[PDB]
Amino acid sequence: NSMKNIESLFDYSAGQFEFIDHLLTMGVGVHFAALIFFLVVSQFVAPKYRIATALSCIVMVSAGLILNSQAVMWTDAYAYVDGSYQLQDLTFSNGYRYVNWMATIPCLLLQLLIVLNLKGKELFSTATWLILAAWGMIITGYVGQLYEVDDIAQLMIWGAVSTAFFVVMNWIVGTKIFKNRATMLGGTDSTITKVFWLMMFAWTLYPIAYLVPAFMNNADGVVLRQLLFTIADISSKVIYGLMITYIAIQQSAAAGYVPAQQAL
């Protein structure tokens, strides 16, 4: 996997190499800082919605561990030699992020469906189609990036296939949001629409990073990709979870849960 990603193709200046290392370790801290937040405010969420804030804690730790894993893989694979960081070992690859997504994306979708107040047959039904569409998306994406060095045309046709799953997934999500937002309490029918558009923007950065190999094949493409992943991660995982949490509490208060009312 290491040799199949463009990170292995280049030497990095100390500035590039440390910028990337600082992006990843910063991502670690941010996710684990938010984890503590998500842990604390759980007591202010009615039992109905408490699972939602719990799923954020799962996403936070899942992301934080992969980012910490990549931060160390990054420093193990390169040594500063003759004024540049040069690959020493094949211990770094992006495929671990795609593992981070296989695991976190189901949690991210499920917390959305919970605050939409879906239940029973529909919740289980909608979650199954969304998770399968999502996995098809990630899986065809993982296959394609195995070729980002050797066969760009394969990266492209696997991206096209992956994008079909993405579009179908978004249509299901958007359709459920707009048909069930009338059930949301505390005015959260207005906030959930902003969440959907937040999702649309943040999730679309990943395919943009995915394509960096095809239009910026150089050490600055590598830096740019990690910068895009960092913005996307922070937006699709942290900010998203915060808003999901805010909707969970607001609906808990509107439903008579007192710890939510006092907290607000």
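Residues carry their position along the shown sequence, with the first being 1. So that the term is clear: the rigid core is the largest set of C-alpha atoms that superpose within 1.5 Å between two forms.
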Query raised in the report: Do the Cα atoms of 168 to 176 or those of 85 to 93 sit farther, on average, from the shown form in 7 other deposited structures of this protein after fitting on the core?
Result: 85 to 93
Query raised in the report: When the other structures are laid on this one by the rigid core, do the CA atoms of 95 to 103 or of 184 to 192 sit farther away in 7 other deposited structures of this protein?
Result: 95 to 103
Report summary line: Ranked by mean Cα B-factor in the entry, 232 to 240 and 37 to 45, top stretch is 37 to 45
Report task. Higher average CA B factor in the deposited record is what I'm after, so tell me if that's 165 to 173 or 88 to 96. Result -> 88 to 96
Report task. Would you mind checking which of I139, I105, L118, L132 has the top Cα temperature factor in the PDB entry? Result -> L118
Report summary line: The third of the chain into which the C-alpha temperature factor of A127 falls is the middle
Query raised in the report: Considering only modelled residues of the same chain, in which third does the CA B-factor of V212 rank: lowest, middle or highest?
Result: highest
Query - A248 CA temperature factor, ranked by third within the chain - result: middle
Report task. Check where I152 lands among this chain's C-alpha B-factors and tell me if it's the lowest, middle or highest third. Result -> highest
Query - Chain thirds of CA B-factor: placement of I114 - result: lowest
